[PDB]
Amino acid sequence: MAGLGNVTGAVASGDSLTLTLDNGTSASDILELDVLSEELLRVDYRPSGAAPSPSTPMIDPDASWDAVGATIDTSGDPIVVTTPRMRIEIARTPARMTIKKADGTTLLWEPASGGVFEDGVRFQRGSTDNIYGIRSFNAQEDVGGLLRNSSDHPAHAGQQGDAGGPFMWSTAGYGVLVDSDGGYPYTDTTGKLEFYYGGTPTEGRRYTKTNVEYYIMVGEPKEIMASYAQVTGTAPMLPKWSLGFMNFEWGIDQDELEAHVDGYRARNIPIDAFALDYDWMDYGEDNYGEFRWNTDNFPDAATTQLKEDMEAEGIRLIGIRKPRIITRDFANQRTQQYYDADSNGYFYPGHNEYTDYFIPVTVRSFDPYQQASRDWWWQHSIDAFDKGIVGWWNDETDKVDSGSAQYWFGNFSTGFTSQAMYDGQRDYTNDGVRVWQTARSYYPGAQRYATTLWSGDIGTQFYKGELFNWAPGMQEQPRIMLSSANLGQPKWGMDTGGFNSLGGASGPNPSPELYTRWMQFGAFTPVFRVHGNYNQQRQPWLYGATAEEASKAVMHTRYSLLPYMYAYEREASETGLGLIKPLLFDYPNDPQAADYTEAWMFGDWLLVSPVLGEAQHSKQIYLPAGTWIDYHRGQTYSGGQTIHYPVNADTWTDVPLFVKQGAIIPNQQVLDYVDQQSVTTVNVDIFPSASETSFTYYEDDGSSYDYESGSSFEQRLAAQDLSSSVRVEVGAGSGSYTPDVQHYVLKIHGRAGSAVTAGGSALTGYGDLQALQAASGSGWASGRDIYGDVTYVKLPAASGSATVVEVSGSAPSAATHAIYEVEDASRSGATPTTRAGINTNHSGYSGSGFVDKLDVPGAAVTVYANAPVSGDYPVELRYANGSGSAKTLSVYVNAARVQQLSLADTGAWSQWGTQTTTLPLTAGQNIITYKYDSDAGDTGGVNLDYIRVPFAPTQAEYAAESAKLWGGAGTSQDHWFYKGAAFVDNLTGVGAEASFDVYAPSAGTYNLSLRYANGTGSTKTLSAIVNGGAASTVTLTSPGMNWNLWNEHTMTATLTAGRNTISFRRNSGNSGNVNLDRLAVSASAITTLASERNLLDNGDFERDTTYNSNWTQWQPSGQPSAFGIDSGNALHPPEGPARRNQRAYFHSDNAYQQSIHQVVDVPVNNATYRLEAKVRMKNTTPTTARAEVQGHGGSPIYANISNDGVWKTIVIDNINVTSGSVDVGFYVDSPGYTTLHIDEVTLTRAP
Amino acid sequence: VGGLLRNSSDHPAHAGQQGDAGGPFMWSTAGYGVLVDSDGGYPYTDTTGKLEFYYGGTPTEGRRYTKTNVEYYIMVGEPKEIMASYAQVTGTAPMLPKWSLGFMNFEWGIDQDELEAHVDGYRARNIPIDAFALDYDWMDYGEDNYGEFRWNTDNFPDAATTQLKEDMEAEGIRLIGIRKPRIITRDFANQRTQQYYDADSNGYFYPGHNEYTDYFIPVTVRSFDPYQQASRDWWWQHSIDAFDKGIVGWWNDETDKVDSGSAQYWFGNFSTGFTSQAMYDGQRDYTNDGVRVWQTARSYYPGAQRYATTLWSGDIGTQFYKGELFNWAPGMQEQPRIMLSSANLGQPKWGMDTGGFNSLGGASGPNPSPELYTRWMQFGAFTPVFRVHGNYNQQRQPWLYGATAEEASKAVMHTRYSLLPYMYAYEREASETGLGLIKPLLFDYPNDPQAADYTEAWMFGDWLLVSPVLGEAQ
Ligand SMILES: OC[C@H]1O[C@H](O[C@H]2[C@H](O)[C@@H](O)[C@@H](O[C@H]3[C@H](O)[C@@H](O)[C@@H](O[C@H]4[C@H](O)[C@@H](O)[C@@H](O[C@H]5[C@H](O)[C@@H](O)[C@@H](O)O[C@@H]5CO)O[C@@H]4CO)O[C@@H]3CO)O[C@@H]2CO)[C@H](O)[C@@H](O)[C@@H]1O
Ligand SMILES: OC[C@H]1O[C@H](OC[C@H]2O[C@H](O[C@H]3[C@H](O)[C@@H](O)[C@@H](O[C@H]4[C@H](O)[C@@H](O)[C@H](O)O[C@@H]4CO)O[C@@H]3CO)[C@H](O)[C@@H](O)[C@@H]2O)[C@H](O)[C@@H](O)[C@@H]1O
Ligand SMILES: OC[C@H]1O[C@H](O[C@H]2[C@H](O)[C@@H](O)[C@@H](O[C@H]3[C@H](O)[C@@H](O)[C@@H](O[C@H]4[C@H](O)[C@@H](O)[C@@H](O)O[C@@H]4CO)O[C@@H]3CO)O[C@@H]2CO)[C@H](O)[C@@H](O)[C@@H]1O
Ligand SMILES: OC[C@H]1O[C@H](O[C@H]2[C@H](O)[C@@H](O)[C@@H](O[C@H]3[C@H](O)[C@@H](O)[C@@H](O[C@H]4[C@H](O)[C@@H](O)[C@@H](O)O[C@@H]4CO)O[C@@H]3CO)O[C@@H]2CO)[C@H](O)[C@@H](O)[C@@H]1O
Ligand SMILES: OC[C@H]1O[C@H](OC[C@H]2O[C@H](O)[C@H](O)[C@@H](O)[C@@H]2O)[C@H](O)[C@@H](O)[C@@H]1O
Ligand SMILES: OC[C@H]1O[C@@H](O)[C@H](O)[C@@H](O)[C@@H]1O
Ligand SMILES: OC[C@H]1O[C@@H](O)[C@H](O)[C@@H](O)[C@@H]1O
Ligand SMILES: OC[C@H]1O[C@H](O)[C@H](O)[C@@H](O)[C@@H]1O
Ligand SMILES: [Ca+2]
Ligand SMILES: [Ca+2]
Ligand SMILES: [Ca+2]
Ligand SMILES: [Mg+2]
Ligand SMILES: [Mg+2]
Ligand SMILES: [Mg+2]
Ligand SMILES: [Mg+2]
Ligand SMILES: [Mg+2]
Ligand SMILES: [Mg+2]
Ligand SMILES: [Mg+2]
Ligand SMILES: [Mg+2]
Ligand SMILES: [Mg+2]
Ligand code: NI
Ligand code: NI
């Protein structure tokens, strides 16, 4: 903010004066004065004499003046420039300009304190001078006058009729013009006249200048304005017709235009032009519609006829133009104009796609408060109801928001709108079709008219402020749901996936992660629904195989629970209490339940706590008083504590779900929809408590209000754990509805009885659940499941009298495996009529049948199998192959392709064999799929009978990142070659630790293997603490100064049956400073885990793209990279990953070559390896697109990728590695607009 | 989004909007509840132990049920008992169809072919689903004859009959349809609708809610960059056909700022000049300097005048002055100050929407009165770019405003057109000095304090001083 220094040199030449100014350096400042006319001076200040920047488009590039012949006198102090109209004085010490009229009258001057400087100009002038220019006023502003005597408004073009610029002038005889892209003029009534470049203005700044170029005008206003036009340009003459009257109009076609023109002409009212708004053009359409005449409105503009006919009537035509293009037509297709603009870089910088509206309609709110209004509303809805609208999604019964229209609906508007449909539909159908509605507000009483509540236009984000601050996201929704429950509206839902994004409907869809977690959450809420903004899609398969399979899996859980859930729908008709409730309902006196919203009750007997955090590796879950059983993993927890709950961030398969001891949970086979068939057997899972508990099973027609006059069915089920037996009562049937249920299968957990009695009779024992299910009439059986010992009891439902069953004794099963009959499992395929099938037409099968039709591409069967801990499970597949030769099927686990199974001929279709494969299962639910994947080279063509899954793994694994971290230990992805989603780092402070919860079947000595990195260069130590016992030293050598190298530390530990704690901690004697990845646990020697076969780093591209990986890239010198990694969720529709959250892409709009490569040293040289990957190609066919294996000892091996649009598996087998390393890669040569996606790349040791 | 606790609450009891819920219901896990019968109002709690509820003043949402008595309910029990007693007083919930426990796919942007494809995709994969909900897509919203209640058979051909319902039912799919508590009162062709006549004659509109202009058909757009020569060449190239077929003047709107939902993008200060340059350079090249360029824009920055553009004052109000009918846009009386401010910045080629653009209720709001229209026309005739404009489907022909508006408009128009050779000399002057057809008095009288901020009269060329009557009933 300092002024210029002393003049140290002055060089006159013609009409120019060049001053050198002292700034205390060898690169002195330069001030160039040029006398352009007798009354116009140009000044160019160049800090340190640097070359001037280009002038902005303010300046006329062709401006030209005659020689003035000014007198420049540098002989004294001040230096003096004179013309007949002005006298410019520059004082030497320091340099300050004074501008005067030729007669010596002072106009303006640079004050002592400072004039021109690096960021602007500063003048002083008469305090009473009137200043003009700078700014005008827009159509949304208070409109001031002409005077600018106390102004700090910026210089800008502005909006809505505004005008402005760096031009300040006075009627006292001077003007100042500064070349600038925006900036900040300043005036006040002490006499300041200043202009600052300042910070980037609101409108942006695309022309920056290091010099300060300005112009000083002397004269009367007309002379000042003429000088302004000399500098910035005069105006070209408009056509003479433009002095005439013009009629601008919006809402006009050719007939109306002709009528208007006739109207003027008939009346001798002169007029020269009509201006046509949107009407004239095909705005919204492809092929440059926003430049094309709309021949529906103006038929004669198909040719020059309209122009010529209007010209003959003396009418010229003006057309509205918007500085934008339509990037999606009315059918949601990318337009030609989009492709052209996008490929050439013609979009305004910083301006993304957005939603416009240009077709107005006029509307007015109806009043639902009036009975006659409600009758009318209903009467006009009957036709839509008859033709299929059987649920009413009543939107915007709350508030209008449109321009000046900001109207509120009253508090009873939702209730009354709901009443209109409720009363109407009930009368019209004679109470024969139940009403379903949703609204986005609730007020007491509205519930009488059969309406749910949804949470409105929530944001597509994890939480409020993650991506934008103006709407809450997923994490807030439990608090909204439970607040609604606390107001007596438990029938609640949300837009799963979110509605709003940055950029409106064109903004991004949820990431696959956000989508998957939101679906798991929504499945345990009352009104389970996806929604999105205009032309957004929310189908689960669009978000990749994890989202698809995890969403499917949790939906199967929800539908299996239909009989459980439906009792709560009945309960809401009696007490208003519904399917969800906050913990505080059950625990009014528990302070940790008082505000608790991260978990809630789903019915009376299940506590759910969905994983809602991005990249979440574990959860802290408050369990209130009682005993809780993990639904998916089987272990028990005592209540009244916060538990640490490991989750697998790699698979997304966990939905933390806990059975409340006392639970009686009716459940059934999974249907595609609620009345797809009659369910004649209802399972009842019972977890007995020492106090009696009960659940009243309920059926009715699901459809009418017949239940109101007694047409329903119920049976009270009750249970109690006694000193040495369990008693279960199935009460007498009650009510007039004949239920579909014929038998209950009681699954009584916690005891495998030696006898089951009822009414003086010991029930007939059967060998297993299958034999019991096949028996007519009552019986029992026993077994083992994930929870432990279980007793099965099959009984008739709907008896007129109560049945009391008692399970006594203890005779635990010796079974080592669970059996899953695949005919009971999930059958899918490419189309609804090409799904895998059920059959019985060959003998020798277990259970009720086997699965066939695995001989059309895409046919599959999926089993949901629970595991107590993560690890290796050898899973046996029973199958038949009477084809004459071996056949292949893919086995997928948690959406990853684990192996191609080669299934040998079994000699005949009625002869069965078994294939056992070690599967990497995760703790809790696992998704095991056997599929005919023709695009991976499978043949299909076998029949499958069942799988057998061991209750215990051969060896277990526990991820460090999911362990309980303390003392500064954290998770990270900032080094290479970790397993799972992350590793543990920052074991630096004393007390830093990772504590694992390890499960053992029996007391004894177990082997441990701890995967760790130590890149310090020297041996480091931690302590191992088992079950809080004495610390033992863990000594961890360093393989060198490289944090991408991992090793195993082996040791043993003495464990007890059940849960053990094993902590690795920096105690005060220890050095720490290692990273931990995984703890493996076995009774035998530990070998490579099935989950850890992949030799590549970041082969699945799942790493946060802030962090790098062992992948490298290449493109031709001079070409921009065509490669990146993201989720594909910004696209409409999404182009998702093959698995989990992310995939690599190659894409450019113009011709390109691109590769990525990764080199790894193999563990065993002179051995065979195998590359597998998922690849998808779309859009333009490239010249070359391939996977590549090279550097292995042999010549390059190629596998081509062909343009389809679908994910395919590419395999390069039999890689004979003799060099000790392999380069795997992907390469594309494209003429332009080829998209390749790459995901799930694995390099493994192959037999 | 807060928590569940309401220990220090003064938020009103209302239905609210956008997923909200509320009511005069305040209860505790300490063993009691209070329910007050009320239409809105003001519950109050604090940590000194207050549990209060006030009817108070009329809330934001209105109040249509007022009460002189105070009716309330006290509940005693554990939370489930309190909630059961709440349901006794305010009602239990009717059982919903059993299919509503299933998964539902809601969707906006869907027709029959896509719905069938979605359902097939779920069924093929054994992903359970019971219902699809259809947005605007399902109905003829915007059309006459109760279009906002009627199936859209362009999107859903089989909903001409019960066929769609029955085929979807066969696949285990129930259909939900979106409803808006409003009717279209003017269809796409600007005709009053049957549903308007029926609602209006029976008094079925929400009290206090006047009709208003709304939009429902989205389009996706993106701003072009006029700063780049290649972009300007492209923009002009695609304009040639329109020009050949009669668009000889370029009304360049919205070169200033985008305003759409979250999209609030500014164009830079040279956007008007460069947009203008695209058409100017292009048209001059294409016609070999044979056809003069005419343009208008709604912003100005120095230098833009080189490319043959005028300036108009934007979406001004149909009113005499700012705050006459509404406060959010200026009216007629402010316009001379805007015109003369533009002149002081070297852009004297200025115009305005004579008649005004904006009204209360948007496009469906009132036209100018005959008086406003007549005076505005007289004013406009002594300004440089003389033009009427109005909002969507509004009309500005002078004969629609009665014989005084017609005859007085005609008369002043005859004066303007008689002055063509006077005016045209000033058009030539602007090519030499930038000075145009209008100027404030202070250009001629720089030392007169009475002229220093004077805008109620101005010079029309050098030799005429004009002072239009702009006051109502003046
Ligand atoms: O004497 C009575 C008078 O006093 C008070 O005003 C005086 C100020 O308090 C005082 O600071 C001084 O103001 C100077 C200022 O110090 C100086 O920096 C300059 O201000 C420029 C910025 O330098 C320039 O960057 C630009 O600022 C932009 C900014 O870049 C942009 O990022 C954004 O934030 O907007 C800003 C503009 O709003 O422009 C400003 C000028 O607007 O010059 C100032 C004026 O010389 O002197 C003031 C009196 O002269 C009282 O407040 C005032 O009412 C009384 O009349
Ligand atoms: O690499 C240069 C590239 O960077 C930016 O885009 C990165 C983007 O690239 C890929 O997206 C492609 C799709 O794969 C193509 O299918 C195509 O998508 C369009 C699709 O064909 C239409 O049907 C759909 O409705 O609209 C989309 C366009 O929105 O084009 C996009 C590129 O725009 C890749 O799959 C993505 O993961 C990745 O984010 C930059 O935006 C590009 O302009 C640039 O070329
Ligand atoms: O952890 C955060 C870091 O993340 C990124 O680091 C990457 C690098 O980009 C890779 O180059 C590689 O680094 C290796 C390195 O290649 C290897 O030579 C070795 O480096 C030693 C070095 O030999 C030794 O003399 C001394 O300088 O220490 C180095 C390391 O401690 O080992 C590196 C790995 O440890 O992989 C890492 C990720 O592990 C990012 O680029 C870094 O800026 C960032 O710090
Ligand atoms: O104990 C702490 C506080 O106690 C005191 O506040 C009192 C007020 O004095 C009472 O008047 C009352 O406030 C009510 C008010 O009576 C009632 O009308 C309503 O106010 C509405 C208003 O009607 C409406 O038009 C709009 O303006 O919003 C208002 C609500 O914000 O509701 C009020 C309660 O919220 O009760 C309170 C609390 O007992 C004391 O004055 C405070 O300073 C003190 O902090
Ligand atoms: O492809 C495996 C398949 O082989 C036999 O069936 C062949 C063929 O028989 C009928 O035509 C069926 O309708 C088709 O679906 C079959 O492809 C075995 O009988 C069958 O069990 C096995 O799955
Ligand atoms: O009808 C279009 C949109 O309108 C909004 O008011 C609703 O809240 C959305 O659910 C709906 O998709
Ligand atoms: O195109 C519709 C309307 O768009 C607005 O941005 C313009 O300012 C109006 O003059 C025009 O009638
Ligand atoms: O000191 C130990 C730490 O050293 C380095 O910062 C490593 O990047 C980190 O992984 C490790 O935890
Ligand atoms: Ca079987
Ligand atoms: Ca790990
Ligand atoms: Ca991936
Ligand atoms: Mg010269
Ligand atoms: Mg003064
Ligand atoms: Mg600078
Ligand atoms: Mg019209
Ligand atoms: Mg005619
Ligand atoms: Mg057309
Ligand atoms: Mg769609
Ligand atoms: Mg079909
Ligand atoms: Mg129709
Ligand atoms: Ni402004
Ligand atoms: Ni609220």
Side-chain angles (χ1 to χ4, degrees), chain A residues 58 132 136 139 143 145 157 159-161 163 165 171 203 221 226 229 233 235 239 246 248 251 291 307 318-320 328 346 348 351 354 357 362 364-365 367 373 380 388-389 391 393 398-399 405 408 434 441-444 448 450 455-456 476 529 531 535 572 575-576 585 588 595 673 702 832, chain B residues 1 3 15 17-19 21 23 29 61 79 84 87 91 93-94 97-98 104 106 109 123 149 165 172 175-178 186 204 206 209 211-212 215 220 223 225 231 238 246-247 249 256-257 263 266 292 299-303 306 313-314 334 341 344 364 387 389 393 430 433-434 443 446 453:
Chain A
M58 287 185 49
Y132 303 94
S136 185
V143 182
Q159 61 169 319
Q160 287 281 16
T171 47
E203 68 271 11
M246 312 183 201
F248 284 54
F291 297 79
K307 180 182 71 175
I318 292 157
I320 205 164
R328 295 268 184 189
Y346 294 159
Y348 201 96
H351 293 208
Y354 67 96
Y357 289 96
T362 308
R364 189 171 178 186
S365 313
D367 189 8
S373 191
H380 288 279
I389 301 303
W393 169 18
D398 46 12
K399 181 173 198 299
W408 279 90
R434 288 176 191 184
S441 66
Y442 173 79
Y443 193 79
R448 296 198 304 275
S455 61
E476 287 85 15
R529 56 183 278 287
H531 188 37
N535 274 335
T575 63
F585 277 30
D595 211 24
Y673 53 96
Chain B
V1 181
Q17 57 163 321
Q18 280 280 23
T29 50
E61 68 274 9
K98 189 192 284 175
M104 315 193 200
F106 283 50
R123 297 285 183 255
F149 296 79
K165 176 180 84 182
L175 300 172
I176 294 160
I178 202 169
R186 289 212 184 259
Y204 295 161
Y206 198 96
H209 294 205
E211 71 187 356
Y212 62 91
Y215 301 80
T220 308
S223 308
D225 184 9
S231 195
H238 286 280
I247 302 302
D256 45 13
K257 185 180 195 291
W266 277 93
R292 286 178 191 183
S299 70
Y300 174 79
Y301 195 77
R306 293 199 304 275
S313 60
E334 289 78 26
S341 292
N344 286 353
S364 69
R387 48 184 287 290
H389 188 35
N393 278 336
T433 65
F443 277 30
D453 210 22

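The basis for the numbers below is simple: all heavy atoms, side chains too, and nothing from hydrogens, waters or symmetry mates. Numbered from 1 within each chain, the chains take letters A, B, ... in sequence-line order.
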Chain B contacts, top residue of A/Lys307, A/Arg434, A/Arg328 (heavy-atom pairs, under 4.5 Å):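 Most heavy-atom pairs within the cutoff with chain B belong to A/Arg434.
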
Choice from A/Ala405, A/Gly233, A/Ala235 maximising heavy atom contacts with chain B below 4.5 Å: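 Max contact count across the listed options: A/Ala235.
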
Please determine, among [options], the option with the most heavy-atom pairs under 4.5 Å with chain A.
options                                : value
B/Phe149, B/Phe443, B/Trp266, B/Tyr204 : B/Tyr204
B/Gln18, B/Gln17, B/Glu334             : B/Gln18
B/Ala84, B/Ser231, B/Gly314            : B/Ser231
B/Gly23, B/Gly434, B/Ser341, B/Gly3    : B/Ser341
B/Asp256, B/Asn393, B/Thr433, B/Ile178 : B/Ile178
B/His209, B/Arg123, B/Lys257           : B/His209

For A/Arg529, salt bridge (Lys or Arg N to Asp or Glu O under 4.0 Å) partners two or more places apart: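 Residues passing salt bridge (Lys or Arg N to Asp or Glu O under 4.0 Å) with A/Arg529: A/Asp495.
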
Plane angle bin for A/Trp393 and B/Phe106 - parallel if under 30°, tilted between 30 and 60°, otherwise perpendicular: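 Ring orientation of B/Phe106 relative to A/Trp393: perpendicular.
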
Residues which pass side-chain hydrogen bond (donor to acceptor under 3.5 Å, both in side chains) with A/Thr362, listed by chain and number, not counting sequence neighbours: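 side-chain hydrogen bond (donor to acceptor under 3.5 Å, both in side chains) check on A/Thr362 returns nothing, list empty.
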
Residue pair B/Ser299 / A/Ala157: nearest heavy atoms and the distance that separates them: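 Closest pair (atom of B/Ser299, atom of A/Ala157, distance): CB-O, 3.5 Å.
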
Rounded distance (nearest 0.5 Å) linking atom NE2 of A/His531 with atom CE of B/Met104: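 Between atom NE2 of A/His531 and atom CE of B/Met104 there are 13.5 Å.
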
Nearest-0.5 Å distance, OH of residue B/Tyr212 to OG of residue A/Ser365: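 It comes to 5.0 Å.
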
Any donor-acceptor N/O pair, A/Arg364 side chain to B/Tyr206 backbone, under 3.5 Å: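 Not confirmed, A/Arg364 side chain does not pair with B/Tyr206 backbone.
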
